[PDB]
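Let me begin by presenting the structure, written as structure tokens, before commenting on it.
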Amino acid sequence: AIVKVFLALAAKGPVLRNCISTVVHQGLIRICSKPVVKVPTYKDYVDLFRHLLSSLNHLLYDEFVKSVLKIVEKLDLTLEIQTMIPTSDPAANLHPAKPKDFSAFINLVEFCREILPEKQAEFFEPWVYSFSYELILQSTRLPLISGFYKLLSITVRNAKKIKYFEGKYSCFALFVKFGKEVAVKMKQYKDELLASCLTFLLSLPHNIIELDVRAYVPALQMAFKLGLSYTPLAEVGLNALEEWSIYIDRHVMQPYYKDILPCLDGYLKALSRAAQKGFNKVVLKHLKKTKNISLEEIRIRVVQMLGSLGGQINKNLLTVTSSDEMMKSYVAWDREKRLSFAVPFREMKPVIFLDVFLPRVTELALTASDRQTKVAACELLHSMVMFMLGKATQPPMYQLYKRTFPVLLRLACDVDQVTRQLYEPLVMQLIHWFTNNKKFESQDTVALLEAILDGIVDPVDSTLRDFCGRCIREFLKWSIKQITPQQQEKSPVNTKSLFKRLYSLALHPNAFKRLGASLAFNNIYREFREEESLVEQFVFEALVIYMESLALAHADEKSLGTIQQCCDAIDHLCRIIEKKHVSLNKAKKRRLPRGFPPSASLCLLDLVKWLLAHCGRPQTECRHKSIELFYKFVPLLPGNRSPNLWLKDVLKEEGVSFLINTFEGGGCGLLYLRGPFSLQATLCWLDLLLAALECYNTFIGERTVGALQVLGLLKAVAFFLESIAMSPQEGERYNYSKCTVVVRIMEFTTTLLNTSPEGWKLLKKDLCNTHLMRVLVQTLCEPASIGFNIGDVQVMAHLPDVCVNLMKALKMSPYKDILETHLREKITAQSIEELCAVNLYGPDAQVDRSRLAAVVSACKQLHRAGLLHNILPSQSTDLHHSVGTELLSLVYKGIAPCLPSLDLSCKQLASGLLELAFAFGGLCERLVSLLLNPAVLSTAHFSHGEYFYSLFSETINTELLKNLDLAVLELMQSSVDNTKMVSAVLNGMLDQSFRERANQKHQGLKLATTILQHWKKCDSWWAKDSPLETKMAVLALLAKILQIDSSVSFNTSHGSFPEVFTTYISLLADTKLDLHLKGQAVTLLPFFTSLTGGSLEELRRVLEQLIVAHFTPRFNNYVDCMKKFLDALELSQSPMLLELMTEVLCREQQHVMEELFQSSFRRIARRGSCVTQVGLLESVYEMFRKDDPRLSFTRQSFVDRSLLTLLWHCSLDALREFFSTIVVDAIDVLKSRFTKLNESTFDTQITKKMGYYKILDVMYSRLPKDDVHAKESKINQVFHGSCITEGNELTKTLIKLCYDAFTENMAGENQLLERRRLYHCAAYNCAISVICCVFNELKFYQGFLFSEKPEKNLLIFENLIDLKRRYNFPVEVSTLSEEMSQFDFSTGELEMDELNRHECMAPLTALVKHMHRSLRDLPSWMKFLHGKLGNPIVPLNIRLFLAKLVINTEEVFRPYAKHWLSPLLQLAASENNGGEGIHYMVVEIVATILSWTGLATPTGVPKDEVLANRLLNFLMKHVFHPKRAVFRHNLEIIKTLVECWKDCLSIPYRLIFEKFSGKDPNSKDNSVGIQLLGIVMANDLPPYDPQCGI
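Throughout, this note's numbering is defined as the position within the sequence shown, counted from one, plus 135.
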């Protein structure tokens, strides 16, 4: 079916084929958004996406590729620190910024990995270049996102499956320059990211990239060592070794077998339920349902490879060098043997030396590969370490410590968590023990310290150095925490000797050897800056040695992280020299550092002169820091002098021959270089050229000196400029620094030509000569001719910013026409014509598309240059530029055919070409005349038009939006005859303004308010004989313009608000829309319910007409329309919707949509701003109070289920003005008299009284006692002014009034009972809720509400209880949410049976629990209930009420069942319970009387004895019940009863005898008696047949 509809909308036109590619891109986000570890994750759908590709396969292929790279653009996957000094790359970095986007990524890579592993025999060749290059960009910006290597490995395995590599050319160089870049980069990674990187690297061809095999061998001998625990990369290693050795020729491979091969030596070392019952077809069921690599194939592959390899090659497998570390494990650990263990038996106790199972224990502890043996070896090693430490305290062990101690570290930060919370306090404890004066200056301590330091400076264990840093921090902390400083003056473990260790580390010529010292200082700068008399001596010589180490760290690698740590190591010390030396300089002796001339005082001035003297280093990462320390170390000499004046103070009394040797260096001075190569002197001079080029670059652009006082080199650069246009393995290293320095030249020229010498072209006229205007015109256009490489992406995209900044800052010199006349050899427009051929998109691939791409890139930067009308002016016709109109018309003609074609990058060219062609002037009137066009394009049809819109709908829109405010008028001019096109284009501009809502905020609102006042000239839409799709387009546009707008255009007639509201009234009033097409209309309520009177009568009238008109797929219509009005009312707040919909909710008893009503009312009550909630409260009170003769059901239901919830759910904690205006608003109708004249004014007056009672109930309930009972605006409200009475003027006159209610007899009054009961009950609830809220502390609960005085016939209970109803009683039973919502913008406790729904029970139990958890028999609220129940003279309904009372709160009646024991059992024993005797109430009351067993026995009482015996005879009489489980339930009840009470229980007989005595054995009606006999034989009871029993 899915492929049927995808064939349906694919064979009619290209205007509708675009639907087929906007559906699938949407479906991918629909299924790639699920959870990842029941909802399926991503898995079941792979059957669908495999099945689809079965023409239409090609179309859904290209749709899948465009949609698979259109997600990976916009996810902003940049992870973030969320929390030591870390060294690893995702060390504590391992936290994404938005987590629900990463789970949209690692869902995506696996899905593409399983859908596109094949069926690419024809359809992946023209898709590899762009895929590879954009993935290379996103992976270069984001290295450590595991998965870009995964998608790249997919495309490169596909790039080996298709041939593609006979050497189209352009991908062959970025793979090389990326392969070497990942191969250098991947050292400092860990498990998953490294695994993905290796399966990238070894998937590269290398029988075509057989060049430079020497760098990848550590990416093959690391896959095999990373085998043995994880199989598939151990398989990709073996297949890499199988595809290298066969196709590489055997003279270049053969030296590289000594070290691939010796690491190939870890490899020569219901179902059963139906299956137990035979084989009879149900094993065929459980087998037919469930039917729709491992290391032994690896090992046999290894042996077959060694055989097929050779005979003289083959035996390298053990003799690479044959003495490395096997012997260093196969030697001892000592000479002598110590650690004598006297294993104690009873009398012998011999010895065993615990050394000979040390080298097995301290390997078992690290790599056991079994969880149970690892904790065993770890525990033994822990106790053995404690033993060997305690051994030496009553025997020198410093040959044993030296290889025990580098394993406690490697354990204490390894992986596991139990194994890690073990050995961390141990390694702290041995530090805290060896640093002590009781064991001071011992040779084990230096073994521990060297273990720490070689823990720091070590190649590949990235999570170990940052534990050794914390060790050195703790070591430095305890080196002064426990040694007295006057006995801390002498020892080699002092801080100074540790500092010398740090510097000697800090000057070794490998990177790891001084990165350790930088991490040590990064970890200890938090220390030592809080202790005085120590900062000012040696660490204040450490600054300049750290600068020199940063200088030494030049040549290593950018992506190792030596710069990134040493720069921090000096920054966090610069922030401590600029804290205390700002206010102190006592110029005594200090520590003289390395590289200075010596002196006797070292205050600051030598160092800042050194910073100014060492600014001309060629060390490209300490020159920058010396500059940016010079700029901050000028203003601390006591004049606080700015750099502008200070250099002029010191310069002139030193001279211009002082400020020129540093800036020029030894780099003044040959033309051997007709071949650009890398004789290593060339690089050091080129580095010197750069240093001398970039020293001036900051001081000229700063205000210390200008162009005069240093110039007064420039020949050397003009020597260079004839040479810059000019070993393929290291010649590119020279080519890097050859094509690096020209942008430093350009930055220098701009930062001199823009600054303070404005009127100065005084530079030499042979380095701004035609040399620079030849290399600039070869840098911009065609930069891959001067020696640029294709494959860098940083500089190859930073270049058109400085190369256009230079064309910017080259106009305020007289070289303006110099540039124009020098550029004008190609950029005359006739050349642009002669490249604009007729065959741009045809059979050719690069040969002219590239040659027009070069020129449009060039002139796009020329439009960006701030200068284009000097270059090319208009053909002298008018303000439409001629070649631009030629380009735009050629793009118009470039789509018409019998049939044309299209691609991806050709459309990139056709987009950029028009993006150039729009950049000249206005042209937009031509643009809308081209959009709106009635032209007829026939195909063997369509009007193209919107074809040309739908192709380019991201350039055309911003070209419209650039020239706003007149494009709208030029657009609305043709709204009569091109109605579909102007609706389409305006909706396009609208949803393009909304889609960048987070950016601009002006243009969408301005477009809305400009089009809202222009409705008067597009009025031919919403009238008669314009059928109901036109109006639907009008109302969709209404939804757009009124969903985007701010609160400016529609309130109080700002724009043309009369016209727009008459449009909405005329669109809703008609009969064309049936019901639910105006659902889009009725969503638009709150932008029209923002208004005062006037139009509201018409709006409420048409709403009334709607309601009286429109009120299985018809029940669904009821459901959706009711939810429609409810959700509209949910977000609006105006009390017109509420007063409309509550008229139509309140019509029946229990509407089926009632939970939606109460839920959305709950959503209404809490929305803040108490002035409008209390407005709704006044709306519902006045609509309840007024004199409309409403129905008693309706008038009742108003106050029942309209405002009670809104006063319940969350009204306000301090809304009491409604309580201030309700008091003498309701007490007047409360205190009236029953005029029994007609029954309507009788009972409607009653319902008004009930409504008063209920609202007083809810307002009395949820308040503290102060604002009902104290000096507040309750007494100050109901009385006059501010009175002196305390609180007792409202409570007593409410209490006496509610107690005067519900005591009225109705002996002669039978006119009305069914509602007078409800009035009496509501008055009772009001009484309860006022009395619990007043005081609640003394002899008033017994007095009031209870113990009436029946002398004048007072009747509390039996009045309010019903006493006529036969109670029924049956027997027993991110960012993808945005791109998924943009698709939506542009389209569209107890149980309740009978006695708990009695509208008194829950407040009664609340009062009973309130009596218990607030404060024989009791006062009068118990003894009265005790006598109330045991007399069989009340009718059963009230006794049953009190029984349901005592079951629900039995926790408070269990301490007094020694009196409450008879009448419950009297209710069960007296054969009175109605019908056949209700058994569920009986099982409930017997349950609660046997519940408190052990107290108040059912045994002994002479009434209760015979009552329990007749109880038991009844119970055993009624048991049978043909339902199966209630039989067993009743039997368990009888078993419980005889097993509990069984003492005064006289056992019954002859009923069991008559039970099983039945003859005719063909029905099972004897089982009951024998099962009852088993019940009685189980405990203690014999068949005591001597009786009246037989």
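The beta-carbon is built from N, C-alpha and C at its ideal position, and this holds for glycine as well.
Under the three-state reduction of DSSP output, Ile925 falls in the strand class.
Between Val1618 and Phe1655, the gap from beta carbon to beta carbon reaches 8 angstroms or more. Each residue's CA atom was taken as its position, placing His1079 and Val1071 some 7 angstroms apart. Between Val670 and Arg664, the beta carbon gap of about 7 angstroms places them in contact (Cβ cut-off 8 angstroms). Setting aside the 5 residues that flank it on each side, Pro1570 is surrounded in the same chain by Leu1498, each with a C-beta closer than 7 angstroms to its C-beta; the list follows chain order. CA-CA distance, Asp901 to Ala853, rounds to 6 angstroms. In this structure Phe647 touches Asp593 by the C-beta definition: roughly 7 angstroms separates them, less than 8 angstroms. The stretch 251-332 contains, as complete alpha helix (DSSP H) runs of 4+ residues, the segments 264-276, 283-296, 306-320 (chain order).
Exposure of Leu740 is indicated by the presence of fewer than 16 other C-beta atoms within 10 angstroms of its C-beta. Its chain contains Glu756 as the residues whose beta carbon lies nearer than 6 angstroms to that of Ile698, once the 5 sequence neighbours on both sides are disregarded; these appear in chain order.
Within the stretch 618-661, no beta strand (DSSP E) run of at least 3 residues lies entirely inside it.
Between the stretch 387-399 and the stretch 461-480 there are fewer than three C-beta pairs closer than 8 angstroms, too few to call the two in contact. The residues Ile216, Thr218, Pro221, in chain order, have a CB closer than 7 angstroms to that of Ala227 in the same chain once the five nearest residues on each side in sequence are set aside.
Of all alpha-carbon atoms in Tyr304, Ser338, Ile297, the one lying nearest the alpha-carbon of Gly314 is that of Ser338. Between the alpha carbons of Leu849 and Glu837 lies a gap of roughly 20 angstroms. Partner residues in the beta bridge of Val486, as assigned by DSSP, are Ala477. The beta carbon of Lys320 sits closer than 6 angstroms to those of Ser694, all from its chain and outside the five residues before and after it, given in chain order.
Of the candidates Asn940, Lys896, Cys903, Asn940 places its Cα closest to the Cα of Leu915.
At a Cβ-Cβ threshold of 8 angstroms, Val1169 and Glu1105 do not count as neighbours.
If only uninterrupted alpha helix (DSSP H) runs of at least 4 residues are considered, those enclosed by the stretch 864-889 are 866-873, 876-888.
In the DSSP secondary-structure assignment, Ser1011 is bridged to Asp1013.
A residue is called buried once 16 or more other Cβ atoms fall within 10 Å of its Cβ, and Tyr351 is buried on that count. The C-alpha of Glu1421 is placed about 21 angstroms away from the C-alpha of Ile1357. In the structure shown, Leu739 adopts coil according to DSSP, grouped into three states.
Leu1049 sits close to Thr1090, with the two beta carbons spaced by under 8 angstroms. A direct Cα-to-Cα measurement between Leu654 and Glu1513 gives close to 43 angstroms. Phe1077 carries a strand assignment under DSSP once its states are collapsed to helix, strand and coil. A Cβ-Cβ contact shorter than 8 angstroms links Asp983 with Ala972. Using a C-beta cut-off of 8 angstroms, the stretch 1186-1204 makes contact with the stretch 1129-1149, since at least three inter-stretch Cβ pairs fall below that distance. Look at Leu524 here: in three-state DSSP terms it is helix. Within the model, the alpha-carbon separation for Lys1213 versus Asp1262 is close to 14 angstroms. Here the stretch 1370-1389 does not lie against the stretch 1400-1419, with fewer than 3 beta-carbon pairs under 8 angstroms apart. An exposed status is given to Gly1693, since fewer than 16 other beta-carbon atoms sit within 10 Å of its beta-carbon. The Cβ neighbour count for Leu229, taken over all protein chains shown within 10 Å, is under 16; the residue is labelled exposed.
If you draw a straight line from the Cα of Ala512 to the Cα of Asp579, it comes to about 25 angstroms.
Separation of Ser518 and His759 (C-alpha to C-alpha, rounded to the nearest whole angstrom) is 54 angstroms.
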